[PDB]
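Let me begin by presenting the structure, written as structure tokens, before commenting on it.
Protein chains get the first letters and strands the later ones, always in sequence-line order, with residue 1 at the start of each. When a ligand or atom number is given, it counts from 1 through the structure's own listing order.
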Amino acid sequence: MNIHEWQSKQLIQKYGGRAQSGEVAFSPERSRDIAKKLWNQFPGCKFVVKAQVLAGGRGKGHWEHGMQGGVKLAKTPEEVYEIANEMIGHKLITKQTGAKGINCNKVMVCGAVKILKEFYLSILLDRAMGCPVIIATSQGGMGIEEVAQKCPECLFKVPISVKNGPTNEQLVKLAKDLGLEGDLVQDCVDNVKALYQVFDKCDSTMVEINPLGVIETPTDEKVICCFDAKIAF
Amino acid sequence: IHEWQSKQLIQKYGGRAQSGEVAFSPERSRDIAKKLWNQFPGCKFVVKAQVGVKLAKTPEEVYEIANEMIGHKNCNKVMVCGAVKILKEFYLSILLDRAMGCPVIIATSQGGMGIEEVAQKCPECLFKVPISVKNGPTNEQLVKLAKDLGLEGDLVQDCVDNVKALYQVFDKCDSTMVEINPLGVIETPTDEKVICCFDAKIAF
Ligand SMILES: Nc1ncnc2c1ncn2[C@@H]1O[C@H](COP(=O)(O)OP(=O)(O)O)[C@@H](O)[C@H]1O
Ligand SMILES: [Mg+2]
């Protein structure tokens, strides 16, 4: 992750968005310290250890030395050490790789959150159109590439005005089209607005959020939260 | 011992405690809350003035509260804690009872209140448990104390674990009092129910 991209993820929170970025660790020891420090704030919480490799289906793939999964739930900081040790410096295999192997040199240590709904949402520069387009689906867990090829009308597509950007009516209906009601409608609007602010302020070619989730905070407020945000140029 | 050193000892010996993180300025208080939103977005915060306790919704509220604490009636640091869902507050201590000549465990379902006041007006609801310093506390004693506090399920064993860890701090530090007020039954962010020490006091 170069400075250009990392400075963009930061803008998500600046422009009103809500996102979990976790924290990067380049060693299993550091992975353990992260989880340990987090237990000082939310004792007894669980953790999610995510292998940081540029490849999809991490949660599906497997490791060369017996372990299963690129996204793993951990109960303690020691389990975080164990998992991270099997990831950092080893090859991960997914559909993207068949069996070529993809070497992992770092992990994300994330607090385990309660996820109520999962969505996919991206903002792309459509060259054939010469404008931005918001693409979203409520299948949530199935990933975009699968849904697009195998389901025609599952996707919500919204062309965006270059001068005006998205409109509240556009974003409100989209929030509604994703099954959101109550306060979560406006919360989603604010987050997508933030995502587009980033998309345009950074001359980005794609802003991908997978999952865009309805979560519960430790004190059980229901809020929109961006996971595993990705930006391209 | 100070509160931050006490909670450190409790975790070493197998206890669960919320330590928060210390800030010596309102600015640093805001940064702590900010970084915490990277792990549990949308969470709330508790701000405790240190040598009084307020709930904050944003890192900016955390700044405002810390600004009214640090440098005022004199407080010069704050602990910034993630706001945790709390189901029950208990009191628990381990005291060297001189009259009986042995350690004693004192516990109440009346967490948040001073033990002097609770015993004065509700002597009925204090659980005393003398400890044989040779064999220390037995797991049999601790299971009853847990049941007598209205605990069932995994919380009963979780309570034994934490109380055992507290006795170790008492025994190993040769302390005259280890006091947890409140000792809470909380819910983790994924709704697991566990025991947690929120405050600790160790006397010598
Ligand atoms: N911080 C977290 N807390 C709880 N569950 C999480 C967290 N991060 C991810 N998950 C869950 O684990 C899944 C991991 O999948 P994801 O990271 O989206 O990509 P992949 O499909 O490649 O595994 C998420 O879809 C979500 O259901
Ligand atoms: Mg909850």
TODO: Flag atom 8 (N) of ligand 1 as yes if some protein heavy-atom distance to it falls below 4.0 Å, otherwise no.
DONE: yes
- [ ] Verify the contact flag for atom 13 (C) of ligand 1, where contact means a protein heavy atom under 4.0 Å away.
- [x] no
Have a look at ligand 1 and work out which part of [X], if any, has a heavy atom under 4.0 Å from it: side chain, backbone, both or neither.
X      : answer
A:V48  : side chain
A:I115 : side chain
A:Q20  : side chain

By number and element, which atoms of ligand 1 are closer than 4.0 Å to a non-hydrogen atom of [X]?
X      : result
A:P211 : 18 (O)
A:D228 : 16 (P), 17 (O)
A:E118 : 24 (C), 25 (O), 26 (C), 27 (O)
A:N210 : 18 (O)
A:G111 : 1 (N), 2 (C), 3 (N)

[X] side chain to [Y] side chain, donor-acceptor N/O pair below 3.5 angstrom:
X      : Y      : answer
A:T219 : A:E221 : yes
A:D200 : A:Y196 : yes
B:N139 : B:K164 : yes

State the [atom1]-[atom2] distance between [X] and [Y], to the nearest 0.5 angstrom.
X      : Y     : atom1 : atom2 : value
B:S19  : B:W4  : OG    : CH2   : 11.0 Å
B:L145 : B:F90 : CG    : CZ    : 9.5 Å
A:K37  : A:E23 : NZ    : CD    : 6.5 Å

Identify, for [atom], the protein heavy atom at the shortest distance, and state residue, atom and that distance.
atom                    : answer
atom 23 (O) of ligand 1 : A:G59 N, 2.9 Å
atom 3 (N) of ligand 1  : A:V113 N, 2.9 Å
atom 15 (O) of ligand 1 : A:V71 CG2, 4.6 Å
atom 22 (O) of ligand 1 : A:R58 N, 3.0 Å

- [ ] Say whether A:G143 and ligand 1 are in contact under the criterion: heavy-atom distance to a ligand atom below 4.0 Å.
- [x] no
TODO: Could you tell me whether ligand 1 has any atom less than 4.0 Å away from a heavy atom of A:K50?
DONE: yes
Task: side chain to side chain contact (heavy atoms under 4.5 Å, CB included) partner of A:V109, chosen from A:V80, A:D33, A:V24, A:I83 - done: A:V80
Do NZ/NE/NH1/NH2 and the carboxylate oxygens of [X] and [Y] come within less than 4.0 Å?
X      : Y      : result
B:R30  : B:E60  : yes
A:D228 : A:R58  : yes
A:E146 : A:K150 : yes

Does any N or O of ligand 1 fall below 3.5 Å from an N or O anywhere on [X], backbone included?
X      : answer
A:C110 : no
A:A112 : no
A:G57  : yes

TODO: Mind running side chain to side chain contact (heavy atoms under 4.5 Å, CB included) on A:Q13 and B:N38 for me, showing each step along the way?
DONE: CA-CA 9 Å; A:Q13 279 93 326; B:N38 292 337; 3.5 Å; yes
- [ ] Would you give the angle at the Mg ion (ligand 2) between B:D191 atom OD1 and A:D220 atom OD1, to the nearest 10°?
- [x] 150°
